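For reference, the chain that follows is the form deposited in one PDB entry, supplied as structure tokens.
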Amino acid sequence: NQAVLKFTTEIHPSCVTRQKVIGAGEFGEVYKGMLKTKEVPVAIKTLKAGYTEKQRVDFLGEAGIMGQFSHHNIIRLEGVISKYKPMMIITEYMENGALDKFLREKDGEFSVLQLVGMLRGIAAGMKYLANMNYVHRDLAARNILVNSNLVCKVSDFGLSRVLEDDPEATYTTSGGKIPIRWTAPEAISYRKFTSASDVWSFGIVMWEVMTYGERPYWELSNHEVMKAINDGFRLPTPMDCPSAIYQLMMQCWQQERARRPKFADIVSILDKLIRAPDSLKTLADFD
């Protein structure tokens, strides 16, 4: 990590004030705080003393990756505390939290145009990651953060730590740990994770957004989801969903990876719909 960490600012512990717990885990927490530079609010992820070598490499490795990105729709790294304990990753603060919880608590409070604007931001962040040769593997509303301008930013970076740390990722019969109902068939079936499997996941995120955080496939078990997808079934249209948006998410769920749009296509399509907003007035039939 010592090369990628050169892109990161080492922050002295005195400059950081932790204030409120906003997330928790086994070996650390997530805080809202302030960062001395005037003071800016920040989000802070910690790693407490007792961590293993692998945990340190994974934890600092996320910062090394995040520090190589500069994009409006990608969470911005402020710096790290790595010389002292607890270790910390310090990012910009997203006032409205995770997108999935945000939408479930704000059910029906946004216009279609605002929801589609969210999706455009997510797709722009994903296009950037893909062209930077970064495959996310865990794209889902729970990993998108929302600020007070309603800007959505992709978070949760790293190598093995991404799917290890997510409790939605479960062990398959063949030994991989994956979040089944967000994951493309080829990634489940033979561990083929690419920007095109991220597009499948993006289609699920489109459904999460337009449903205000409905849980994909409802109470179907993971095996029943895999069986339904293999047999050709797809998630049904959300309520009050523009036909163009439903058509786009259905294209993200093509079984054949080569038939899915690229993120460049997704951004282009969403930008044209937004700039001609009457295109969103035509709604797909809700059952």
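Start at 1 and count along the sequence shown; that's the residue number.
What comes next is about the form deposited in another entry, which is not displayed.
K.L.:
Of the candidates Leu220, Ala244, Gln255, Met66, which marks the hinge of the rigid-body movement between the shown form and the other one?
P.N.:
Comparing the two forms, the hinge residue turns out to be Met66.
K.L.:
Out of closer and farther, which fits the Cα atoms of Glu78 and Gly25 in the other entry compared with this form, where the change is 3 Å or more?
P.N.:
Relative to the displayed form, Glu78 and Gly25 draw closer in the other entry - a change of at least 3 Å between their C-alphas.
K.L.:
What happens to the Cα distance from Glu109 to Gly23 in the other entry: does it get closer or farther than here, with a change of 3 angstroms or more?
P.N.:
Those two alpha carbons end up farther apart in the other entry.
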